[PDB]
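> Dropping a structure here in structure tokens format, bear with me for questions.
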Amino acid sequence: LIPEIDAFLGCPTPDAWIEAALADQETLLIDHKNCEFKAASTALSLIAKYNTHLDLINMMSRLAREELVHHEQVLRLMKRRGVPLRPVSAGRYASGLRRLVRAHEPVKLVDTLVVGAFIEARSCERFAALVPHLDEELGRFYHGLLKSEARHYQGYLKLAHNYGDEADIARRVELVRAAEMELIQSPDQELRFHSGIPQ
Amino acid sequence: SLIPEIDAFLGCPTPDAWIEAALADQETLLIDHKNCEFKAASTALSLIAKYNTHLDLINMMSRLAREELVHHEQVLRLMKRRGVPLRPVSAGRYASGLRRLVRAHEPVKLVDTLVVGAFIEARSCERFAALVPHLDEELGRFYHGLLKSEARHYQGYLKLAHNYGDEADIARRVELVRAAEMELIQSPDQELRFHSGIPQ
Ligand SMILES: [Ar]
Ligand SMILES: [Ca+2]
Ligand SMILES: [Ca+2]
Ligand SMILES: [Cl-]
Ligand SMILES: [Fe+3]
Ligand SMILES: [Fe+3]
Ligand SMILES: [Fe+3]
Ligand SMILES: [Fe+3]
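From first to last, the protein sequence lines are chains B and C.
With the authors' numbering as the guide, the letters of the first sequence map in order to residues 3 to 201.
With the authors' numbering as the guide, the letters of the second sequence map in order to residues 2 to 201.
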């Protein structure tokens, strides 16, 4: 039946992450841009791995295009604000959740969609936590990305139900929710879009 | 210009024997074609990732990857309409063969990479044109639409190569890749792929 975002997620965005985010918005934009690209890139890797699953390759193709549009929009905004194309490394969050995926099919694909569901759901929750504290152009932009992150969250979770049983998915969501919550609430060395509470 | 017509740019036509083999196994061709649209999209995202501060490359490669993914989806709808089932079809030797000529040191590793892109796109344009007189209306219509967009991708990939390299060093790369591409398109081959040599 698909929970609401706050119901699906193990915790809110800590007040400390947001204080850190607002002090270093150039790093945030670069990392957001990078995350839109990794989403598209991750969707293409699933098409390559599951090359004869027609229901998956169609969704992932459309989703990869959505993510690339977002990747371009964020590059547009970066130019307007003279944010320079500076190399920012990946946070621990994405690699962190994938370490949870089981090695065997057909659970490996279910687990991968659930992790996808969490990343989308957290991005939605976190954009909304930021909007009110931002300028109008950045606030209007991030408010725009909100409805599509919720849709990508619904999409990833629906696709897991297509390829696995209600019971196995409830259990996967439970294990991931906990790992995801620990990543958000733990302290972290670097302000990323999906980083923990800064030391 | 430094951007020729396609037949000028290419070092040979599509052999009639490729076409004979292709018309006998159109379903394998569709599937390989679908995999090629997809691979072109992934290849573009590799270049975004590899050259993460080349702001002109990153913008164009994002736009191209979206274009290639529309083509990927269009090929999937076509296969469905015609009851062509998905099944595993391995990559042909062609793009690997070309990638092995790419020099290992920047800034020519990039230039070389984009010239290879210009040859893949040019060949596809040429081969689509060679095929469509032989196909049914729907398939011919689809491949005619694709041929227009390959031409652009070939132009784009060559202009981008000029944006990042010396005119004389491009010409010497084009000349080298041209010869190997021809060798790959003209030599015999175990398998039918969109860019296979002459099957056996
Ligand atoms: Ar075909
Ligand atoms: Ca909650
Ligand atoms: Ca500055
Ligand atoms: Cl698009
Ligand atoms: Fe997005
Ligand atoms: Fe998304
Ligand atoms: Fe294409
Ligand atoms: Fe193309």
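Note that CB positions come from ideal geometry on N, CA and C, so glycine has one too.
B:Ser188: buried (16+ other C-beta within 10 angstroms of its C-beta) or exposed?
If you number the first sequence from 1, residue 188 of chain B lands on position 186. The residue in question, B:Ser188, is exposed, as its Cβ has fewer than 16 Cβ neighbours within 10 Å.
> Is there a C-beta anywhere in chain B that falls below 8 angstroms from the one on C:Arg82?
Working through the second sequence from its first residue, we reach residue 82 of chain C at position 81. Chain B, which has no Cβ nearer than 8 angstroms to the Cβ of C:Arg82, makes this no.
> Can you find the residues in the same chain that come closer than 6 angstroms, C-beta to C-beta, to B:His72, ignoring five residues on each side of it along the sequence?
For the purposes of this step, residue 72 of chain B is identified with residue 70 of the first sequence, where counting begins at 1. These residues qualify, in order along the chain: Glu38.
> Is B:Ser63 close to ligand 8? I mean its beta-carbon at under 7 angstroms from any heavy atom of the ligand.
Within the first sequence, residue 63 of chain B is the residue found at index 61, counting from 1. B:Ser63 Cβ: outside cutoff for every heavy atom of ligand 8.
> Return the Cβ separation of C:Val117 and C:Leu99 in integer angstroms, given the expectation that the two are a contact with Cβ distance under 8 angstroms.
As a working note, residue 117 of chain C is residue 116 in the second sequence. As a working note, residue 99 of chain C is residue 98 in the second sequence. That belief holds up - the Cβ atoms of C:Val117 and C:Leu99 are roughly 5 angstroms apart, short of 8 angstroms.
> When the distance is taken between beta carbons, is B:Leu65 closer than 8 angstroms to C:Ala42?
Residue mapping note: residue 42 of chain C aligns to position 41 of the second sequence, counting from 1. Residue mapping note: residue 65 of chain B aligns to position 63 of the first sequence, counting from 1. The answer is no: Cβ separation not under 8 angstroms.
> Would you say C:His73 reaches chain B, if we count a Cβ-Cβ gap shorter than 8 angstroms as a contact?
Translated into the one-based positions of the second sequence, residue 73 of chain C becomes position 72. Yes, because at least one Cβ of chain B sits closer than 8 angstroms to the Cβ of C:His73.
> Straight-line CA distance for B:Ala9 to B:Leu161?
For the purposes of this step, residue 9 of chain B is taken as the residue at position 7 of the first sequence. For the purposes of this step, residue 161 of chain B is taken as the residue at position 159 of the first sequence. Their Cα atoms are separated by approximately 19 angstroms.
> Is the separation between the beta-carbon of C:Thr54 and that of B:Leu87 shorter than 8 angstroms?
On the second sequence, residue 54 of chain C is found 53 positions in, with the first residue counted as 1. On the first sequence, residue 87 of chain B is found 85 positions in, with the first residue counted as 1. Closer than 8 angstroms, so yes.
> Just the chain C side, please: which residues come within less than 7 angstroms of B:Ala42 by C-beta, in chain order?
The residue given as residue 42 of chain B occupies position 40 in the first sequence. Within 7 angstroms Cβ-Cβ: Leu46.
> Where do the N-terminal and C-terminal ends of the alpha helix (DSSP H) with C:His196 fall, by residue?
Sequence index remark: in the second sequence, residue 196 of chain C carries index 195 (1-based). Where C:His196 is concerned, there is no enclosing alpha helix (DSSP H), given that its DSSP letter is neither H nor E.
> Do the stretch 121-141 of chain C and the stretch 163-178 of chain B touch if we need at least three Cβ pairs shorter than 8 angstroms?
Not touching, per the Cβ criterion.
> Give the single residue among C:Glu182, C:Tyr52, C:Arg173 and C:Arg82 whose Cα lies nearest to the Cα of C:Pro14.
Working through the second sequence from its first residue, we reach residue 14 of chain C at position 13. Selected option, being the one with the closest Cα: C:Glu182.
> For the stretch 88-120 of chain B, enumerate the residues whose C-beta is nearer than 7 angstroms to any C-beta of chain C, in chain order.
Correct list: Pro89.
> Measuring from the CB of B:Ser43, is there a heavy atom of ligand 5 at a distance below 7 angstroms?
Your numbering for residue 43 of chain B matches position 41 in the first sequence. Not so, every heavy atom of ligand 5 lies at least 7 angstroms from the Cβ.
> Taking the alpha helix (DSSP H) that C:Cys37 belongs to, which residues open and close that run?
One-based indexing of the second sequence puts residue 37 of chain C at position 36. That run of the alpha helix (DSSP H) goes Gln27 to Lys51.
> Looking only at its own chain, which residues have a Cβ that is under 8 angstroms from the Cβ of C:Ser150, when we skip the five neighbours before and after it?
Along the second sequence, read from residue 1 onward, the residue named residue 150 of chain C stands at position 149. Excluding sequence neighbours, C:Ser150 sits near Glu68 and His72.
> Can you name the residues of chain C whose CB is closer than 8 angstroms to the CB of B:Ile4?
Taking the first sequence and counting its residues from 1, one reaches residue 4 of chain B at position 2. Result: empty, since nearest Cβ-Cβ is about 25 angstroms, beyond 8 angstroms.
> Cβ of C:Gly93 within 8 angstroms of Cβ of C:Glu192?
On the second sequence, residue 93 of chain C is found 92 positions in, with the first residue counted as 1. On the second sequence, residue 192 of chain C is found 191 positions in, with the first residue counted as 1. Their beta carbons are under 8 angstroms apart, which means C:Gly93 touches C:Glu192 by this criterion.
> List the residues of chain C whose Cβ lies closer than 8 angstroms to the Cβ of B:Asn53, in chain order.
For the purposes of this step, residue 53 of chain B is taken as the residue at position 51 of the first sequence. Here the neighbours are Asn36, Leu87 and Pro89.
> Going by the beta-carbon positions, is the gap between B:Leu148 and B:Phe129 smaller than 8 angstroms?
Within the first sequence, the letter at position 146 stands for residue 148 of chain B. Within the first sequence, the letter at position 127 stands for residue 129 of chain B. Yes.
> Does ligand 2 have a heavy atom nearer than 7 angstroms to the CB of B:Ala172?
Sequence index remark: in the first sequence, residue 172 of chain B carries index 170 (1-based). No, since every heavy atom of ligand 2 falls outside the 7 angstroms radius drawn around the Cβ of B:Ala172.
> Relative to the alpha-carbon of C:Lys35, which residue among B:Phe143, B:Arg82 and B:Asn60 has its alpha-carbon at the smallest distance?
The sequence position of residue 35 of chain C within the second sequence is 34, counting from 1. With distances taken between Cα atoms, C:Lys35 lies closest to B:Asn60.
> Report all residues from its chain with a CB closer than 7 angstroms to the CB of B:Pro108; omit the five preceding and five following residues, and keep chain order.
Translated into the one-based positions of the first sequence, residue 108 of chain B becomes position 106. Only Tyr165 and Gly166 meet the Cβ criterion.
> Considering only the alpha carbon of each residue, which of C:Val103, C:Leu31, C:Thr44 and C:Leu48 lies closest to C:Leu79?
Position 78 of the second sequence, counting from 1, holds the residue named residue 79 of chain C. For C:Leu79, the nearest C-alpha among the options comes from C:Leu31.
> So what does DSSP say about C:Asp167, is it helix, strand or coil?
Reading the second sequence from its first residue, position 166 is the one you call residue 167 of chain C. In this structure, C:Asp167 counts as coil in the three-state DSSP scheme.
> Compare the Cα-Cα distances from C:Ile199 to each of C:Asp17, C:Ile4 and C:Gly12 and report the closest residue.
Within the second sequence, residue 199 of chain C is the residue found at index 198, counting from 1. The option with the nearest alpha carbon to C:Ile199 is C:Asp17.
> Based on Cα-Cα distance, which residue from B:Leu11, B:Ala23, B:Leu102 and B:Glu6 lies nearest to residue 272 of chain B?
Because residue 272 of chain B is not part of the residues shown, which for chain B are 3 to 201, the question remains open.
> First and last residue of the alpha helix (DSSP H) that includes B:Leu77?
As a working mapping, residue 77 of chain B is identified with position 75 in the first sequence. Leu56 to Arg82 is the span of the alpha helix (DSSP H), which, as asked, contains B:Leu77.
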